[PDB]
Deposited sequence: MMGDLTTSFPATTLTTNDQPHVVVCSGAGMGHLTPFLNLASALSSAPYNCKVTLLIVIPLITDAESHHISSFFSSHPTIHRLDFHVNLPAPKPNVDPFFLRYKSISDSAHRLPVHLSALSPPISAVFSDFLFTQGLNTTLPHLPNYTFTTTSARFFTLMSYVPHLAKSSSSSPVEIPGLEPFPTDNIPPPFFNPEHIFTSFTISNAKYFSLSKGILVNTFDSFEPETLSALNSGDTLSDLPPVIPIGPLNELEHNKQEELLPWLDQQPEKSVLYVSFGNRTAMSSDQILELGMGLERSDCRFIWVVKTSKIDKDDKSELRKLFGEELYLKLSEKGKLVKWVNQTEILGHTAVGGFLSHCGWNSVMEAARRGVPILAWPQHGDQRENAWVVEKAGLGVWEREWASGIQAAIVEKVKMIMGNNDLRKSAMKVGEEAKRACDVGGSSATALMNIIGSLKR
């Protein structure tokens, strides 16, 4: 006999991906749960819709539960995704009727933090594990957002027991309780204390000081136990990656993989300076830039000479299977915005990271990457893109100390999700607790 659990996903690819990974893991040995995956519809982007469709087509054993939340009307100067997050957070109180009708009766819910207030007030007797999609480090700052304000938009934020958060790494909205993002962050963080636990896509040896402080009581907060369950096993995708034969022809650890995520907000001038920098570095690369087998946007953007020089040394592509790229021995480094999904996929493979963080949690994530020895954070990459790439690419691909520390990160990450590992054991204990 086996428990029936609900995975309650939100919106946005960065948030959907780890939730899909969790549902896939829980539906499979060794957890062997019955999984219902809740999707919020309509979806905002066609990319989201396609990935959800491919997920269910390749995991036919997982049940889909559509939770319809009307799209809010767009408003000038308000980010569309924040408006959608707000509408989801405001709908969470409606989940009881939907989760109660599931059969067999569910044993637990693993939920996006936008559902926290709704779930923990309207279903207080159902174990709710809040699954954050960022680092333990940045999660701690988010849970502190109610206790700011009380403000001082201008001082490093000192949470007891942890290294202070510099102002430049904190999203400025966090100091304004009436900002749309802060509003539902406060609403849901105020109810973290009633979740059964906070799950994090991290592992003990990746953030030991932060996790130690949290679970010893040092932060003085009312959080439940914060439980690393990462890194989560990557999804087997259908189509093996097309660049694998070309990678098979490149020397070991010679290729720089470049991807800033769907979120990235880099101007054409920045993309062009990056291209000029990669070209003058003469490194091999795979670069996800900007539908497409069109090079014309790339030929227009770089102009014809730069485009052809770049294509001599690397691949300019629309999309890749990122875990298949990061897992290949020819890839020697990863230039990334440091979204937490990308960090954890690099960590699993011991791939050194060059961190060019852009916004949100990314600068604290880059600090975590640097603290763990997984990579190097170029703090002012935007102030000189060409020099930044030319100077640091040789270090990423050739510094033996960083290659060594990154490889040991990879060994600890594999051990964490291996049999007996710290993360596998934690998630097994959770699932075991549901078996009466």
*Deposited-sequence ranges lacking C-alpha coordinates, in sequence order*: 1-17, 308-311
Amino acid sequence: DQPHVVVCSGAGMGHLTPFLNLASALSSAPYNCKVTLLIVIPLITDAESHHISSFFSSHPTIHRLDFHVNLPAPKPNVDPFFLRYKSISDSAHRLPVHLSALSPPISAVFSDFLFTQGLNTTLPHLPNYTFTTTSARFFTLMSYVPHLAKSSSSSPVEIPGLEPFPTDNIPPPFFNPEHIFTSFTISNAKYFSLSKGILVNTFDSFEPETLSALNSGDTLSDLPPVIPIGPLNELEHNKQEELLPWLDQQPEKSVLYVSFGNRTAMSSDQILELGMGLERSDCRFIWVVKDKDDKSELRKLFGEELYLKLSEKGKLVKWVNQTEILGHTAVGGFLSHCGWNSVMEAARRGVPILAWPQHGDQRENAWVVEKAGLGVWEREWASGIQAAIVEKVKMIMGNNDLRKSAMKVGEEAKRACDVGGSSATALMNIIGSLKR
From here on, numbers count along this sequence of modelled residues.
*Is residue 148 missing in a third or more of the other PDB entries that were compared?*
no
*Report, as yes or no, whether residue 295 is left without coordinates in at least one third of the other compared entries.*
no
*Using the B-factors recorded in the PDB entry, average over the C-alpha atoms of 63-71 and of 42-50, then report which stretch comes out higher.*
42-50
*Given the B-factors recorded for C-alpha atoms, which segment has the greater mean, 125-133 or 292-300?*
292-300
*From the list 96, 228, 277, 357, select the residue with the highest C-alpha B factor recorded in the entry.*
96
*Name the one of 244, 256, 186, 213 with the greatest CA B-factor according to the PDB entry.*
244
*Relative C-alpha B-factor of residue 319, binned into the chain's lowest, middle or highest third*: highest
*Sorting the chain's CA B-factors, does residue 311 end up in the lowest, middle or highest third?*
middle
_For residue 239, the third of its chain into which the C-alpha B factor falls_ = lowest
*Going by the entry, which third of its chain does the Cα temperature factor of residue 147 land in?*
highest
_Among modelled residues of the same chain, the CA temperature factor third for residue 397_ = highest
